[PDB]
Each structure stands twice: as C-alpha cells, then as structure tokens.
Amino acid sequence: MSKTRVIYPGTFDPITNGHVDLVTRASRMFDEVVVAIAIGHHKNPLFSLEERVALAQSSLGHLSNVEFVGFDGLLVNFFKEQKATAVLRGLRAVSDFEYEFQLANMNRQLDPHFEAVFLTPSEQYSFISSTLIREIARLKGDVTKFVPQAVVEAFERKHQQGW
C-alpha cells in the first residue's frame, strides 16, 4: 500500500450528478481523489474556472479524501506533478470508450507509468453529461433532477445575466 491517488479530470462545466456519483464511488476505492478542473480556454466554458471549482467543492466537499484543483496544461504533466496512481474517467457510451481508449494509449506513450481506470455510470445517471445539461438549461429547461442545487442556482444567475 504505497497509497493511491487518482485524478478525475474534466472541464466540469458544470459539475453534474453523474460526476458526483463517480467521485463518490472512486472515493471509496482509492485513498485520495483529485477533482482536476481543466481551465479549457478553447471550447470556452460557460462557467469560469473559479465558479466551476466552487461548484465542485460545494457538491463534493463532504467527502474527506477529495481535493479540488484547477489545471491548465496537459493531463500527462499534471499526472506526473501530482504523483498520481491513475486517471479515472467515466464511460457512458461507445463514443466515450473509443476516445478514452485512444487517449490512454497516447498518454502511455508519453509516460510509461501512466494508468487510466474507468467506471461506468450507475444506471440512473447514464445519460447525464455537462453538455446535455447546458443545452437543456439554455432552452430554459428544468435541470433540477440532474445536477446539485448549487448548480441550479448558478444557472439562475446566468439567466439573470442574459444567457
């Protein structure tokens, strides 16, 4: 038991109940979980990095071994800085599987200690992605069933500001 530290990277724009479920599950299996929020300058996110970090901390801060860090460059550099055991990614559908399989092979060529582990969503969260939730919210749809309360309120603020 060298002690395990797993990185869960994403743009979390915004965090959803799918992300909550995977972090919770991962937190039971590894000693440390780092929610790693990519700044994502290109494909420019709806919520600022600061807001996305705040939402994540609010939604998952009850788990004592979960840390929240914003990061900018490449996953493989971050993995090495963080001395991580593995990266964790959720797999929803075949398009996620093919993309992640490719990226894991790329990151392994860049760093032979890279490792990627995957979880599949619990059946009730299986369609939830941030992209879908943004689409619904932009059409003034109710996203209350799919995201934490702080995220509903952040969308309210976005609507008050024109979006």
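For clarity, a rigid core is taken as the largest C-alpha set superposing within 1.5 Å between two forms. Heads up: residue numbers just count along the shown sequence, starting at 1.
Undergrad: Please pick 28 to 36 or 43 to 51, whichever has its Cα atoms farther from the shown form in 6 other deposited structures of this protein after a rigid core fit.
TA: Comparing 28 to 36 with 43 to 51, the larger C-alpha deviation in 6 other deposited structures of this protein belongs to 43 to 51.
Undergrad: So if we fit everything on the core, which stretch drifts more in 6 other deposited structures of this protein, 113 to 121 or 94 to 102, C-alphas only?
TA: The more displaced stretch in 6 other deposited structures of this protein turns out to be 94 to 102.
Undergrad: Determine, for stretches 43 to 51 and 95 to 103, which one has the higher mean CA B-factor as deposited.
TA: The stretch with the larger mean CA B-factor is 43 to 51.
Undergrad: Should the higher mean CA B-factor in the entry be assigned to 138 to 146 or to 17 to 25?
TA: Of 17 to 25 and 138 to 146, the stretch with the higher C-alpha B-factor average is 138 to 146.
Undergrad: Thinking about Cα B factors across the chain, which third does residue 131 belong to?
TA: According to the entry, residue 131 has a C-alpha B-factor in the chain's middle third.
Undergrad: In terms of the CA temperature factor given in the entry, to which third of its chain does residue 84 belong: lowest, middle or highest?
TA: Its C-alpha B-factor, which the entry lists for residue 84, ranks in the middle third among residues of this chain.
Undergrad: Residue 115's Cα B-factor: lowest, middle or highest third of the chain?
TA: CA B-factor rank for residue 115: lowest third.
Undergrad: Based on the entry's values, in what third of the chain does the Cα temperature factor of residue 63 lie: lowest, middle or highest?
TA: It belongs to the highest third of the chain when residues are ordered by C-alpha B-factor.
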